[PDB]
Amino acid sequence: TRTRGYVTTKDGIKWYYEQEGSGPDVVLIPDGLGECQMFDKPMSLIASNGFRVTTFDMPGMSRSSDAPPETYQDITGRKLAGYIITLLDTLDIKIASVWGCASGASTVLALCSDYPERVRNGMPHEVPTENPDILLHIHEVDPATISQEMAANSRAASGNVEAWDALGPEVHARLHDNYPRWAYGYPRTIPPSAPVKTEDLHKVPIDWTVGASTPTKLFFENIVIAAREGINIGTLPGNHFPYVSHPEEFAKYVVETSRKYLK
């Protein structure tokens, strides 16, 4: 059944994490906002399909806020990957199918490139390679303004505003405090560190996705890179948060995709 709790890793991070199911491991790395409650619904669906699912709030975000300052500053896919590996080590997860969007996606690719032995298959979604216009000066305004703007930006890219809104007051309160922290340590360093070089994409199977309703330009390069490297590339319903907008379709994708690499 679903377990919820905390675990303090040797890097000082007091992780808030959840787990459900039995069977092969599936890890759901949240996006830049680091809020794992977004995976609640799909998590049950995936878990009921013969997989042990693990999710967690990201370092310094939401319930994983009790972490060293260093763990949420100058963030890169590889930096996050290191933290993830330490967490996986402590939870005794030897190998897993890994899902990730935005910064989570960058982490997935970092895992595939630097820790291929821990990845069964990677499922990156909308890897940031160039920050959009709206995030250029996000850190230059008051924290309250950052939360206001990012709350609007996120809701707009939710893929389903009713579902987004339906995440609940608790989640949205947590997100409120996350916005400024995310702005200060993610957007400027995440994109340039994207592990999308040829050397990063062939160690383990990868199934790449982008939002079906996401404006083409946003993650256009993701599609071209995948196609050029001969990596499976397709779309998922919604935009940036397919696990919130279309939990059923998201769960199905994670299950089928992961299931095909099992042996």
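Residue positions are given as counts along the sequence shown, with the first one as 1.
**Student:** Out of 138-146 and 97-105, which stretch has the higher average CA B-factor listed in the record?
**Tutor:** For C-alpha atoms only, the mean B-factor is higher in 138-146.
**Student:** Look over 106-114 and 129-137 in the entry and identify the one with the greater average Cα temperature factor.
**Tutor:** The entry gives the higher C-alpha B-factor average to 129-137.
**Student:** Compared with the other modelled residues in the chain, in which third is the CA B-factor of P215?
**Tutor:** It falls in the top third of the chain.
**Student:** Split the chain's modelled residues into thirds by Cα B-factor; is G185 in the lowest, middle or highest one?
**Tutor:** For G185, the deposited C-alpha B-factor lands in the highest third.
**Student:** How does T71 rank on Cα B-factor within its chain, lowest, middle or highest third?
**Tutor:** For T71, whose C-alpha B-factor we compare with every modelled residue in the chain, the answer is the highest third.
**Student:** If you rank the chain by CA B-factor, which third does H172 end up in: lowest, middle or highest?
**Tutor:** For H172, whose C-alpha B-factor we compare with every modelled residue in the chain, the answer is the middle third.
**Student:** Please place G32 in the lowest, middle or highest third of its chain by C-alpha B factor as given in the entry.
**Tutor:** Lowest third.
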